[PDB]
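A single chain, nothing else alongside it, follows as C-alpha cells in the form deposited in one PDB entry.
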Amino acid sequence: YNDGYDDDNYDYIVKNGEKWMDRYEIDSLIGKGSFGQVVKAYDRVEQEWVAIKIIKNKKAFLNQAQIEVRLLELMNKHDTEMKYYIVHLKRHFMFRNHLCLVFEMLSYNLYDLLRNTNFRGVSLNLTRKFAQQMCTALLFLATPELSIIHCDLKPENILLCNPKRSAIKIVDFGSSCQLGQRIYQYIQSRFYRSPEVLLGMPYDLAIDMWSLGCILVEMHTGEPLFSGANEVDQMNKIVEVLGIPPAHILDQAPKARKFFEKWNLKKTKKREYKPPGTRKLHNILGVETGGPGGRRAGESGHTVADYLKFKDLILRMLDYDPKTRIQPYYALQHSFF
C-alpha cells in the first residue's frame, strides 16, 4: 500500500526516527483515530516539539481535513487574544499522499487530569478557571465571521498547555463545521451530546455549551454526569436530572417519538429510571454536603454559595432550549466567575 508507506486503513506506517523533508524528525505515535494518526515529532528548523495529524490516504478523510484546515486558517486570520484558547495550526502540507497538519505540542488532556486524581475530580476553583477559559474559547467561536461549532467537546479534546499551569486549549476540530455548512448529524460524543442533536433538530453553537456543562460537572465530580450507553439511555439519564423537555420544541422534534409519547416518557419493560427531575444537581455536586464525596468541606471557593452559583451556571448551560441556553458572553458574566 502506497509503496510500503501506508497500510490497511490507509495509515502511514510511523517509523520512530524517520526524517521528513529534512525538517521533521518523527519521534512517536501519540494518538490514533478515524482521521488517521498523530505523531510527536521534532521541528528541526524551528527547534521545537510539534504534533502532526497525519490524515488517511482516503478521499473523504482528505476533504474533511481540508474543511478543518480552512476553519483553522480562518481562526488564524482573526487577531484577538481569545484565539489563544484554540490549538494553533502551525503548518499544513502534503507528504507521501497524506495531508499532514502540524500543531503545537501541549500537555495532557482533562481526562488524564481526572485520571491522575483517583477520579475524585478537581477543585471547584480549577473547574472555575477551566470554565472561564472554555467560555472564552466558545465566545471566540461565536464570532459571526467564524460561527464555528466544535461538534465534539469532551475532556479528551481539552488539553493543558503546561502540566504545572492551569491554561488549557481545545483541540480536534475534525468534526467541526461553520454554522452555515453543517454536513452531518450524529455529531457529538454521547455523554456530551446536546438534546437537539438526539432529537434530530437543526443544531447550532449551543450544543458546545451543553457539552461544556456536562464537562464541568464531570471535572468537579470525576465522573460523567450523563453516562449513557445508547441514544435513548443518554436521553433518559438527561431527563433524570432536567425533567421532560419543553414540548414547545418537541412539537418540532423529528426524533421526538424515539423517547417520548404525546408529552411523557416511554415504559422500559426493567428497573425504571429515576422520575424526571428527581436527580437534582444539588445532590450530585453536594452543595450542602461538602462537595463530591464530602471532601471539599471548609475549603475556600467551596462554600454553599459557590456551589449554588456553579449549579445555576450548569443549569443555564444545560437548557433544553437552544435559543435560551446561555451564550458564552453571558456565561462569562455569571456570578460563579
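The term rigid core refers to the maximal set of C-alpha atoms that superpose within 1.5 Å between the two forms. The first residue of the sequence shown is number 1, and the count goes up from there.
Only in words, not in the display: the form deposited in another entry, which the text now covers.
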**Message:** For the core superposition between this form and the one not shown, please identify the residue among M82, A167, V232, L146 whose CA shift reaches 2 Å or more.
**Reply:** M82
**Prompt:** Is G301 one of the residues whose C-alpha moves 2 Å or more between this form and the one not shown after the core fit?
**Reply:** yes
**Message:** I want to check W20: does it shift between this form and the one not shown by 2 Å or more at the Cα, with the core superposed?
**Reply:** no
**Prompt:** Does the distance between the two CA positions of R182 reach 2 Å or more between this form and the one not shown, the core being superposed?
**Reply:** yes
**Asked** Would one find the Cα atoms of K323 and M82 closer or farther in that other deposited form than in this form, where their distance changes by 3 Å or more?
**Response** farther
**Complete:** Output row for the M82-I207 CA distance, |change| of 3 angstroms or more in that other deposited form, reads farther
